[PDB]
Amino acid sequence: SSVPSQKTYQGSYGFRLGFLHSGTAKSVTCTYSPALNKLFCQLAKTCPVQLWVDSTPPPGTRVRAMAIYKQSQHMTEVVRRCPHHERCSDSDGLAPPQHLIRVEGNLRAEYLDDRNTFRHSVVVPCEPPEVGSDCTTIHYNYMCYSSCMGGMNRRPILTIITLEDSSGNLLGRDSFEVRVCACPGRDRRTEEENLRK
Ligand SMILES: CCn1c2ccc(CNC)cc2c2ccc(-c3cscn3)cc21
Ligand SMILES: [Zn+2]
C-alpha cells in the first residue's frame with residue numbers, strides 16, 4: 001500500500017498536538033516523551049491527546065487518526081490488530097474489531113476502511129474547548145501490544161493526526177511514535193537513557 005504522508009504541517013489554523021506531563025513512575029499507564037516524540041501506553045488504556053490551534057477552524061472540520069509502520073521496510077504494510085485481538089470480541093459497538101486505534105467516549109466517531117489502501121482510521125468532529133479550558137482533548141485507545149505476534153510483532157508505529165475539512169482535504173498534520181507495552185514508565189525511562197547515550 002502507498003504510504004500516507006507524515007510531514008508536520010501546521011496549516012492556516014496553526015494546528016498541532018499537545019501531551020500531558022504524566023511522568024515515568026512504574027504505575028503510569030500513558031506517558032509522552034518529548035525528546036523521543038513518542039507515546040508509551042498500556043493496552044487499551046486511555047491516551048489523552050490535546051489539539052491546539054491559533055485560530056478557529058470552520059464548522060465541519062474533522063480530526064483523523066491513522067497508524068503506519070515507522071521503518072521504511074514495513075511502511076507499506078497496513079497496521080492492524082493481531083489475529084488474537086481482532087477476535088476477542090472487545091467491541092465498543094462502533095469500532096471494527098480489526099482497528100488498532102479507537103476513540104474513547106465519542107458517539108460521533110467514524111471508522112474508515114480505505115477502499116484503495118485498505119488502511120484503517122478513526123475520525124471525529126473537531127470541537128472547541130470546553131468552557132474554561134484552553135484546548136480540546138481526544139481520548140485514544142491502542143488495542144494491541146507493539147509486541148503482538150502476527151500483528152505489529154515488535155515493529156514501531158507512528159500515529160498520524162490530520163485536521164481535515166468536511167470533504168477530507170488536508171488542513172493540518174502532526175504525528176508521534178507509539179509503543180504499546182506493559183510498563184510505559186520504565187520503557188520511556190530506558191529509551192530516553194538510550195538516547196542520552
Ligand atoms: C482544535 C480544537 N480547538 C482549539 C484548541 C485550542 C484553542 C486555543 N485556546 C487558547 C482553540 C481551539 C478551537 C476553537 C474552535 C474550534 C472549532 C470550531 S468549529 C470546530 N472546531 C476548535 C478549537
Ligand atoms: Zn494483539
Side-chain angles (χ1 to χ4, degrees), residues 1-22 30-41 45-72 74-76 78-79 95 99-106 108-112 114 117 119-130 133-143 146 152 155-181 184 188 191-192 195:
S1 303
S2 55
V3 186
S5 173
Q6 66 189 77
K7 184 203 178 25
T8 300
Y9 173 60
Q10 288 209 350
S12 302
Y13 303 105
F15 175 72
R16 71 283 189 180
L17 306 173
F19 297 87
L20 299 175
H21 304 275
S22 306
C30 179
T31 186
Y32 174 76
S33 170
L36 300 164
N37 186 30
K38 185 164 180 169
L39 185 69
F40 299 78
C41 61
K45 298 296 176 54
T46 302
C47 301
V49 178
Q50 303 173 339
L51 312 175
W52 293 89
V53 290
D54 293 327
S55 52
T56 294
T61 303
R62 300 211 289 178
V63 184
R64 184 179 307 274
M66 178 186 287
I68 65 165
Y69 287 113
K70 178 188 180 190
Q71 296 163 281
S72 72
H74 301 296
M75 55 187 35
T76 61
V78 170
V79 177
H99 280 220
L100 177 67
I101 306 179
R102 301 182 184 173
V103 169
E104 225 182 339
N106 191 326
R108 287 186 302 169
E110 299 176 6
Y111 292 82
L112 177 65
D114 194 285
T117 71
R119 294 185 188 271
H120 305 159
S121 58
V122 56
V123 58
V124 293
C126 185
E127 287 179 275
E130 303 294 308
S133 172
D134 282 342
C135 67
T136 298
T137 298
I138 299 181
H139 296 123
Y140 289 109
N141 301 152
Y142 293 84
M143 303 301 306
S146 291
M152 287 182 282
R155 301 173 285 177
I157 60 160
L158 311 160
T159 298
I160 304 166
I161 307 289
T162 308
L163 193 70
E164 300 176 345
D165 69 17
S166 61
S167 294
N169 300 308
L170 172 76
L171 301 177
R173 192 187 301 103
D174 203 345
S175 64
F176 53 98
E177 188 174 344
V178 180
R179 172 178 174 83
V180 190
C181 57
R188 173 174 170 200
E191 296 194 18
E192 287 187 358
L195 176 63

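Starting from 1, each residue takes its place in the sequence as its number.
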Please find the pair of heavy atoms, one from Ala35 and one from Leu195, that lie closest to each other, and give the distance. O-CD2, 3.8 Å

Less than 4.5 Å apart, any side-chain heavy atom of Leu39 and any of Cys47? yes

Beyond-backbone contact of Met75 with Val3, side-chain heavy atoms, under 4.5 angstrom: yes

Work out which heavy atom in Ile101 is nearest to a heavy atom in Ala65; give both atom names and the distance. CG2-CB, 4.3 Å

Would you call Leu112 and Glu110 a side-chain contact if the rule is heavy atoms closer than 4.5 Å? no

Does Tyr69 have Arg155 sitting over its ring (NZ/CZ under 6.0 Å from centre, angle to axis within 45°)? yes

Between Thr117 and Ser1, is there a donor-acceptor pair closer than 3.5 Å when you use the side chain of the first and the backbone of the second? no

Taking atom types as modelled, find out whether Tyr142 and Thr159 have a side-chain donor-acceptor pair closer than 3.5 angstrom. yes

Non-hydrogen atoms of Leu100 and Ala67 that approach each other most closely: CD2-CB, 4.2 Å

When you measure from the side chain of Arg173 to the backbone of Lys7, do you find a donor-acceptor pair of N or O atoms at a distance under 3.5 Å? yes

Check the pair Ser33, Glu192 against side-chain hydrogen bond (donor to acceptor under 3.5 Å, both in side chains), reporting the backbone distance first and the verdict last. CA-CA 8 Å; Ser33 170; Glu192 287 187 358; 2.7 Å; yes

Would you say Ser146 and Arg179 are linked by a side-chain donor-acceptor pair, where the criterion is simply a distance under 3.5 Å? no

Considering all heavy atoms of both residues, which atom of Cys126 and which atom of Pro57 are nearest to each other, and what is their separation? SG-CG, 4.1 Å

Between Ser2 and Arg119, which heavy-atom pair has the shortest distance, and what is it? O-NH2, 2.9 Å

Are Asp174 and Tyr9 close enough that a side-chain donor and a side-chain acceptor fall under 3.5 Å? no

Do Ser121 and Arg64 meet the criterion of a side-chain donor-acceptor pair at a distance under 3.5 Å? yes

Where do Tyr13 and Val53 come nearest, in terms of heavy atoms and distance? O-CB, 3.3 Å

Interatomic distance, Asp54 atom CG to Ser12 atom OG [nearest 0.5 angstrom]: 11.0 Å

Residues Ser175 and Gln6: side-chain donor-acceptor under 3.5 angstrom: no

My understanding is that only one of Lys45, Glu104, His99, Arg102 makes a side chain to side chain donor-acceptor pair (under 3.5 Å) with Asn141; could you say which? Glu104

Run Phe40 and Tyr32 through ring pair (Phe, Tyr, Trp, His ring centres under 6.0 Å) and show every step you take. CA-CA 6 Å; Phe40 299 78; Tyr32 174 76; 8.9 Å; no

